[PDB]
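Novice: Here you go, one structure.
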Amino acid sequence: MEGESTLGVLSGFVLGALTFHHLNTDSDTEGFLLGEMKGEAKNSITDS
Amino acid sequence: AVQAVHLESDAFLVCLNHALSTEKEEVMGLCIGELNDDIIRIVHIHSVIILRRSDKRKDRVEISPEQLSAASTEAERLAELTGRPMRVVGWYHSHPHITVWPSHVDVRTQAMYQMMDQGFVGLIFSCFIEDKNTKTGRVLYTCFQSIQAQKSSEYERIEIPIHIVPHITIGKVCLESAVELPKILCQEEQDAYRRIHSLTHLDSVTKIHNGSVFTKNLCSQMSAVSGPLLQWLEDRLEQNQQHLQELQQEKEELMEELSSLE
Ligand SMILES: [Zn+2]
């Protein structure tokens, strides 16, 4: 198997908050991202 | 190999009403009847069983040997109830917005079924064909079998003459088959919902959304299928009452004509 993808997901508001924190900082800025990572299985069918 | 096919209009109606049920996917079913010799080998199709397709997708139409077991059980039941020698003799599917002819995959599947018995025949219904240039509607049907090519594998199609036998009135078997379509649609939606609930650890608002989707789907099913079908059956009952009155009048007229004449 080992058929693995690694999609990333966000919400509009979190990107807005990062953008806001940045626009207030007159320099580079940085921080940490907290969330959860979950694997989903799709048993694709090919012809028959 | 089969040389002709007679289809009872009684069952052609079930097939046609199944084909016009949906345009978004292709639908399928099996045909029960008998083999006969007269004047030539002929297949008389009396009734059909509607089937639910799980894999769906375009052009991928197959029937599981599980469905064959269920169909053969129903065939034995109908053979004992009706005293007819009924075996599963054919299959049919729909080609909506698609030419009535079989695809190479349809023909390969027909050949895979002929491997069971070379006496097996296939049907295809081409439904709503749209053409604003002619501004006319069209609906077709055809029957076919398959033959091994001169070259390796690559099976080829062959045409079978098919006629519709005028079955002046409705058999109860066809009503009992037609009322199975709403049941199968409802069961399909219910199985989708049950498989959705398997991951119990899921958001509550999401479960409300999925419940709303299930309700909307069954509302559509009742608005588009069960409702019109029930309206059709009521209209048919009214038509039959009027026709009974007219035929009673005609019977009395002919009785008088033969009593007074000679
Ligand atoms: Zn097909």
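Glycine also receives a Cβ, built like all others from the backbone with ideal geometry; neighbour counts cover every protein chain displayed. Readers should treat all values here as calculations from the given coordinates under stated rules, not as data from a laboratory.
Novice: Please report, to one decimal in angstroms, the Kirkwood hydrodynamic radius of chain B built from all distinct Cα-Cα pairs.
Specialist: 21.2 Å
Novice: Hey, what number do you get for chain B at 222 nm if only DSSP H runs of n ≥ 4 count, each worth -39500 (n - 2.57), divided across all residues, to the nearest 500?
Specialist: Mean residue ellipticity at 222 nm (helix-derived): -15000 deg cm²/dmol.
Novice: In whole Å, what are the extents of region B:147-213 along the principal axes defined by its C-alpha atoms, from largest to smallest?
Specialist: Reported extents, whole Å, longest axis first: 59, 47, 15.
Novice: Zone of residue B:105 (label point 7 Å along Cα→Cβ, backbone N under 17 Å): which residues in region A:14-45?
Specialist: A:44-45
Novice: By count of other Cβ within 10 Å, fewest leading, how are B:142, A:46 ordered?
Specialist: Taking fewest neighbouring Cβ atoms as first place, the list is A:46, B:142.
Novice: While we're on this one: Report, for region B:35-135, the % of DSSP beta bridges that are antiparallel, rounded to 5.
Specialist: Rounded to the nearest five, the antiparallel share is 35 percent.
Novice: Same structure again: In nm, to one decimal, how far is the residue B:196 label point from the residue A:48 one, both placed 7 Å along Cα→Cβ?
Specialist: 3.1 nm
Novice: Another question about this same structure. If each residue's Cβ is checked for other Cβ atoms within 10 Å, how do B:116, A:1, B:222 rank with the fewest at the top?
Specialist: With the sparsest Cβ surroundings first, the list reads A:1, B:116, B:222.
Novice: Obtain the nm distance between the two label points defined at residue B:258 and residue B:156 by a simple spin-label model: each point lies 7 Å from its Cα along the Cα-to-C-beta direction.
Specialist: 5.7 nm
Novice: Shifting gears a bit: Per 0.36 nm of contour for each residue apart, how much would the distance between residue B:242 and residue B:223 grow if the chain were fully extended, relative to their Cα-Cα spacing?
Specialist: Separation in residues times 0.36 nm, less the Cα-Cα distance, equals 4.1 nm.
Novice: With just the Cα atoms defining each centre, how far is region B:237-262 from region B:18-97? Give it in Å.
Specialist: Between the Cα centres of region B:237-262 and region B:18-97 lies a distance of 39 Å.
Novice: How long are the three semi-axes of the equivalent ellipsoid for region B:156-253, computed from the Cα gyration tensor as the root of 5 times each eigenvalue, in whole Å, largest first?
Specialist: Ellipsoid half-lengths, sorted descending, are 43, 22, 10 Å.
Novice: Could you bin all the Cα-Cα distances of region B:24-116 into 5 Å bins starting at 0 and give me the percent of pairs in each, rounded to whole numbers?
Specialist: In order of increasing distance, the bins hold 3, 12, 22, 22, 19, 13, 7, 3, 0 percent.
Novice: Using only Cα atoms, locate the centre of region B:100-131 and the centre of chain A, then give the distance between them in Å, rounded to an integer.
Specialist: The two parts, judged by their Cα centres, are 47 Å apart.
Novice: Only bridges whose two residues both fall in the protein assembly as shown count here: according to DSSP, what percent of them are antiparallel, nearest 5?
Specialist: 65 percent
Novice: Kindly provide the pair-distance distribution of the protein assembly as shown built from C-alpha pairs, with 20 Å bins from 0 and whole-percent values in order of increasing distance.
Specialist: With 20 Å bins starting at 0, P(r) equals 23, 44, 23, 9, 2, 0.
Novice: Return the Rg/Rh ratio of region B:62-201 with Cα-based radii and a Kirkwood Rh.
Specialist: 1.03
Novice: Indicate, rounded to the nearest 5 percent, the antiparallel portion of the DSSP beta bridges found entirely in region B:70-192.
Specialist: The antiparallel proportion sits near 60 percent.
Novice: Sticking to Cα atoms, compute the Rg of chain A to one decimal and its Dmax as the biggest Cα-Cα distance, whole number, in Å.
Specialist: Reported Rg and Dmax, both Å: 18.0, 60.
Novice: From the cross-link list A:38/B:56; B:183/B:207; A:42/B:56; B:24/B:56; B:56/B:172, which pairs have alpha carbons spaced over 20 Å apart?
Specialist: A:38/B:56; B:183/B:207; B:56/B:172
Novice: Would you please put B:157-165, B:104-112, B:145-153, B:13-21 in order of how densely packed they are, using the mean number of other Cβ atoms within 10 angstrom per residue and starting with the highest?
Specialist: For the peptides B:157-165, B:104-112, B:145-153, B:13-21, the packing ranking is B:13-21, B:104-112, B:157-165, B:145-153.
Novice: Turning to a different aspect of this structure: For region B:74-135, what ratio Rg/Rh do Cα atoms give with a Kirkwood hydrodynamic radius?
Specialist: Expressed as Rg/Rh, it is 1.16.
Novice: Ignore the peptide's own chain and count Cβ atoms of other chains within 10 Å of each Cβ in B:54-64; give me the average, rounded.
Specialist: Neighbouring Cβ atoms belonging to other protein chains average 1 per residue here.
Novice: Tell me the label-point distance for the pair residue A:25, residue B:186, using the 7 Å Cα-to-Cβ offset, in nm and rounded to one decimal.
Specialist: Reported label-point gap for residue A:25 and residue B:186 is 6.0 nm.
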